[PDB]
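Numbering (PDB author numbering), first residue to last: 1 to 330. Ideal placement from N, C-alpha and C gives every residue a C-beta, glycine not left out.
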Amino acid sequence: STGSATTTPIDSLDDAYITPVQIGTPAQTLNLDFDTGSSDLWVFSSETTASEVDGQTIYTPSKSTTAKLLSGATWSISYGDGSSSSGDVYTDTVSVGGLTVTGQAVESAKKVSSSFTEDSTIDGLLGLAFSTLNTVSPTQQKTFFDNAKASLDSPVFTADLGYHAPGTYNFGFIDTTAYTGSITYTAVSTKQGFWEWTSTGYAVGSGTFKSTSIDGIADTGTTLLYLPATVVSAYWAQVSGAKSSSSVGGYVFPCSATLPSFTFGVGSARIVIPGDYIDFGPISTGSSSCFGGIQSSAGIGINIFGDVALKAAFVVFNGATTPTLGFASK
Numbered sequence: 001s002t003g004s005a006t007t008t009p010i011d012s013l014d015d016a017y018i019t020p021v022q023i024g025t026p027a028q029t030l031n032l033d034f035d036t037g038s039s040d041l042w043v044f045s046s047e048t049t050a051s052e053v054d055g056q057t058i059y060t061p062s063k064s065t066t067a068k069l070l071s072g073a074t075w076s077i078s079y080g081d082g083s084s085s086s087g088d089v090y091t092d093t094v095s096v097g098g099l100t101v102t103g104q105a106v107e108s109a110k111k112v113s114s115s116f117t118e119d120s121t122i123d124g125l126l127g128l129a130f131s132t133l134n135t136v137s138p139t140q141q142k143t144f145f146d147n148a149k150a151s152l153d154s155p156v157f158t159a160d161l162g163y164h165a166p167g168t169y170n171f172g173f174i175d176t177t178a179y180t181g182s183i184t185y186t187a188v189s190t191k192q193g194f195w196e197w198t199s200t201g202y203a204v205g206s207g208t209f210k211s212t213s214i215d216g217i218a219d220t221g222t223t224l225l226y227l228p229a230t231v232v233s234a235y236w237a238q239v240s241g242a243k244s245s246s247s248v249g250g251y252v253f254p255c256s257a258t259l260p261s262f263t264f265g266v267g268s269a270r271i272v273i274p275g276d277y278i279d280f281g282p283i284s285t286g287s288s289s290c291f292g293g294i295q296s297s298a299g300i301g302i303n304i305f306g307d308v309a310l311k312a313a314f315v316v317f318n319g320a321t322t323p324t325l326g327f328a329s330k
């Protein structure tokens with residue numbers, strides 16, 4: 001089997017991407033944030049505290065003839081941005097782009113943190129990291145990809161995120177018309193539960209490539225590119241007037257600036273992030289200070305190849321017995 005679904009930016013900045021997902025019988029379609037940096041499929045639901053729902057579409061398990069409470073199971077998750085959610089668990093039929101999994105754990109939110117309530121465009125998350133990170137207790141549950149894997153034509157999914165435009169998540173096949181050149185594959189460590197890999201270096205604009213190992217994670221659920229402070233300083237030093245602002249929370253730059261590109265290495269190959277992709281717009285409405293799309297990871301503990309980086313590539317998440325990542329230009 002295969003599946004193919006369009007993913008759409010939630011706003012004009014590409015802060016996140018939503019992908020329609022069919023849950024239950026008859027189908028309830030929710031728009032979920034596909035997150036290769038986490039491993040829970042959770043949804044706003046009829047069980048979510050009413051004051052914490054503001055415009056999201058909810059899953060109502062009592063209206064699904066295939067829903068079954070997973071007795072005793074609870075979940076609770078915290079994300080790198082400080083947001084969180086928790087609740088109980090049903091199993092139900094879940095379909096993405098024509099690919100159907102029966103008995104998928106659907107984690108129903110009883111509580112969500114304010115940032116989720118305040119974003120009416122995201123009805124939940126669909127985790128695509130390794131199932132070892134799934135938070136369901138006392139019986140850890142598998143991700144949608146893990147459950148689908150055996151049925152797929154090939155044990156892979158691909159992320160083709162758009163810049164200010166829709167893109168595609170495919171399951172079970174590699175669309176050879178969706179990229180240019182060849183796909184360069186690179187080794188993955190699953191020791192932390194992530195799609196963790198080592199970039200071979202970087203360049204700023206037309207500058208020379210610096211060969212240096214940068215370990216980080218391919219994370220579709222993180223907006224920005226978080227890299228070591230040395231690398232980030234080298235980038236922003238090429239933007240007149242850019243500076244790190246403690247009060248704003250990162251590097252800002254004059255909105256009148258033209259940003260240089262940023263290149264990262266994948267083996268001997270190179271992925272170029274155009275300068276435009278690094279502009280996240282005014283820090284507040286009407287400001288002439290703009291927020292940068294490349295930020296320091298120094299306070300995170302891990303480097304994160306988020307959407308800023310991934311949207312410049314066609315990305316293969318190869319879930320074979322020994323997982324690998326592939327990157328192609330497009």
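- Task: Select from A312, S45 and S189 the residue whose C-alpha is nearest the C-alpha of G124.
- Result: Counting from one through the sequence shown, the residue named residue 124 turns up at place 124. Selected option, being the one with the closest Cα: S45.
- Message: In the DSSP assignment, the beta strand (DSSP E) including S114 goes from what residue to what residue?
- Response: The residue given as residue 114 occupies position 114 in the sequence shown. Looking at the DSSP string, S114 is not in any beta strand (DSSP E); the run it does join, the alpha helix (DSSP H), is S114 to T117.
- Task: On a CA-only basis, which of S131, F291, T100 and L225 is nearest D279? Give me that one, please.
- Result: In the sequence shown, the residue the question calls residue 279 occupies position 279. The option with the nearest alpha carbon to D279 is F291.
- Task: Would you grab the beta carbon distance between residue 336 and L133 for me? Rounded to a whole angstrom, and I think it's under 8 Å.
- Result: Residue 336 falls outside the range modelled here, since the chain spans only 1 to 330, and no answer is possible.
- Item | For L69 and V266, the rounded distance between their alpha carbons | Reading the sequence shown from its first residue, position 266 is the one you call residue 266. Reading the sequence shown from its first residue, position 69 is the one you call residue 69. About 44 Å.
- What did DSSP end up calling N303 once you bin it into helix, strand or coil? As a working note, residue 303 is residue 303 in the sequence shown. Here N303 sits in strand by DSSP.
- Query: Within this structure, are the beta carbons of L99 and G3 separated by less than 7 Å?
  - Reply: Taking the first residue of the sequence shown as 1, we reach residue 99 at position 99. Taking the first residue of the sequence shown as 1, we reach residue 3 at position 3. Cβ distance < 7 Å, so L99 and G3 count as in contact.
- Message: Quick check: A218 and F209, are their CB atoms within less than 7 Å of each other?
- Response: Here residue 218 is taken as the residue at index 218 of the sequence shown, counted from 1. Here residue 209 is taken as the residue at index 209 of the sequence shown, counted from 1. With contacts defined by Cβ atoms closer than 7 Å, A218 and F209 do not form a contacting pair.
- Do you know whose CA, among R270, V252, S297 and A187, lies nearest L227's CA? The sequence position of residue 227 within the sequence shown is 227, counting from 1. Out of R270, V252, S297 and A187, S297 has the C-alpha closest to the C-alpha of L227.
- Tell me the start and end of each unbroken alpha helix (DSSP H) in the stretch 209 to 278 that is at least 4 residues and wholly inside, in chain order. Segments of the alpha helix (DSSP H) lying fully in the stretch 209 to 278: 229 to 236.
- Compute the beta-carbon to beta-carbon distance between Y179 and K330, rounded to the nearest angstrom, for a pair I have assumed lies under 8 Å. In the sequence shown, the residue the question calls residue 179 occupies position 179. In the sequence shown, the residue the question calls residue 330 occupies position 330. About 4 Å separates the Cβ atoms of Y179 and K330, confirming a contact at the 8 Å cut-off.
- Message: Once DSSP output is grouped into helix, strand and coil, what is the label at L99?
- Response: One-based indexing of the sequence shown puts residue 99 at position 99. It is a strand residue.
- Buried or exposed: where does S206 fall if 16 or more other Cβ atoms within 10 Å of its Cβ makes it buried? Translated into the one-based positions of the sequence shown, residue 206 becomes position 206. If you draw a 10 Å sphere on the C-beta of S206, you find fewer than 16 other C-beta atoms in it, and that means exposed.
- Assign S62 to one of three DSSP states: helix, strand, or coil. Taking the sequence shown and counting its residues from 1, one reaches residue 62 at position 62. In this structure, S62 counts as helix in the three-state DSSP scheme.
- Message: Using only the alpha-carbon positions, how far apart do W197 and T36 sit?
- Response: Along the sequence shown, read from residue 1 onward, the residue named residue 197 stands at position 197. Along the sequence shown, read from residue 1 onward, the residue named residue 36 stands at position 36. Approximately 13 Å, taken between the alpha carbons.
- Message: Assuming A328 is part of the beta strand (DSSP E), what are its boundary residues?
- Response: The residue given as residue 328 occupies position 328 in the sequence shown. For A328, the enclosing beta strand (DSSP E) starts and ends at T324 to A328.
- Message: Closest to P138 by C-alpha separation, out of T49, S71 and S240, would be which residue?
- Response: Along the sequence shown, read from residue 1 onward, the residue named residue 138 stands at position 138. Selected option, being the one with the closest Cα: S71.
- Roughly how many angstroms lie between the CA atoms of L13 and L259, to the nearest whole one? By one-based count along the sequence shown, residue 13 stands at place 13. By one-based count along the sequence shown, residue 259 stands at place 259. When rounded, the distance between both Cα atoms is 16 Å.
- Message: Tell me which residues share the same chain as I183 and place their Cβ nearer than 8 Å to its Cβ, disregarding the 5 neighbours each side in the sequence.
- Response: Here residue 183 corresponds to residue number 183 of the sequence shown, with the count starting at 1. Only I174, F314, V316, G326, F327 and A328 meet the Cβ criterion.
- Is DSSP giving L310 helix, strand or coil here? Taking the first residue of the sequence shown as position 1, residue 310 is located at position 310. Judged by DSSP in its simplified three-state form, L310 adopts helix.
- Would you kindly work out how many angstroms separate the C-alpha atoms of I300 and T7, rounded to a whole number? Numbered from its first residue, the sequence shown carries residue 300 at position 300. Numbered from its first residue, the sequence shown carries residue 7 at position 7. Cα-Cα distance, rounded: 27 Å.
- Task: For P282, write down the residues that DSSP places opposite it in a beta bridge.
- Result: Walking along the sequence shown from the start, residue 282 turns up at place 282. DSSP output for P282 lists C290 as bridge partner(s).
- Message: Restricting to Cα atoms, I'd like to know which of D81, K142, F264 and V188 is closest to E107.
- Response: Translated into the one-based positions of the sequence shown, residue 107 becomes position 107. The alpha carbon of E107 has as its nearest neighbour, out of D81, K142, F264 and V188, the alpha carbon of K142.
- Euclidean distance between Cα positions of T230 and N318: Within the sequence shown, residue 230 is the residue found at index 230, counting from 1. Within the sequence shown, residue 318 is the residue found at index 318, counting from 1. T230 and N318 have their C-alpha atoms spaced approximately 31 Å apart.
- Are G127 and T223 close, meaning C-beta to C-beta below 7 Å? Mapped onto the sequence shown, residue 127 falls at position 127. Mapped onto the sequence shown, residue 223 falls at position 223. No, the pair does not count as a contact, with Cβ atoms beyond the cut-off.
- Task: Let me know if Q192 comes out buried or exposed under the rule of 16 or more other beta-carbons within 10 Å of its beta-carbon.
- Result: Here residue 192 refers to the residue found at position 192 when the sequence shown is read from its first residue. In this structure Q192 is exposed. Its beta-carbon is surrounded by fewer than 16 other beta-carbon atoms within 10 angstroms.
- Query: Near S78, which residues of its chain fall below 7 Å by C-beta distance, leaving aside the five closest residues on each side in sequence?
  - Reply: Stepping through the sequence shown from its first residue, residue 78 is reached at position 78. Within the same chain, Cβ atoms closer than 7 Å to the Cβ of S78 are found at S84, the five residues on either side in sequence being excluded.
- Query: How should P61 be labelled, buried or exposed, when 16 other C-beta atoms within 10 angstroms of its C-beta is the threshold for buried?
  - Reply: Position 61 of the sequence shown, counted from the first residue, corresponds to residue 61. By the neighbour-count definition (other C-beta atoms within 10 Å, threshold 16), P61 is a buried residue.
- Query: Apart from the five residues just before and just after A16, which ones in its own chain have a Cβ nearer than 7 Å to its Cβ?
  - Reply: As a working note, residue 16 is residue 16 in the sequence shown. Excluding positions up to five away in sequence, the list reads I10, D33, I122 and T223.
- CA-to-CA distance, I294 to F144, given in whole angstroms: Taking the sequence shown and counting its residues from 1, one reaches residue 144 at position 144. Taking the sequence shown and counting its residues from 1, one reaches residue 294 at position 294. Their Cα atoms are separated by approximately 30 Å.
- Message: Are the CB atoms of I18 and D92 within a distance shorter than 7 Å?
- Response: The residue you call residue 92 lines up with position 92 of the sequence shown. The residue you call residue 18 lines up with position 18 of the sequence shown. Not closer than 7 Å, so no.
- Straight-line CA distance for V43 to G80? The residue you call residue 43 lines up with position 43 of the sequence shown. The residue you call residue 80 lines up with position 80 of the sequence shown. So the alpha carbons of these two residues sit roughly 18 Å apart.
- Message: Suppose you measure from the CA of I271 to the CA of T74; what does that come to, to the nearest Å?
- Response: Along the sequence shown, read from residue 1 onward, the residue named residue 271 stands at position 271. Along the sequence shown, read from residue 1 onward, the residue named residue 74 stands at position 74. A direct Cα-Cα distance of roughly 41 Å separates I271 from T74.
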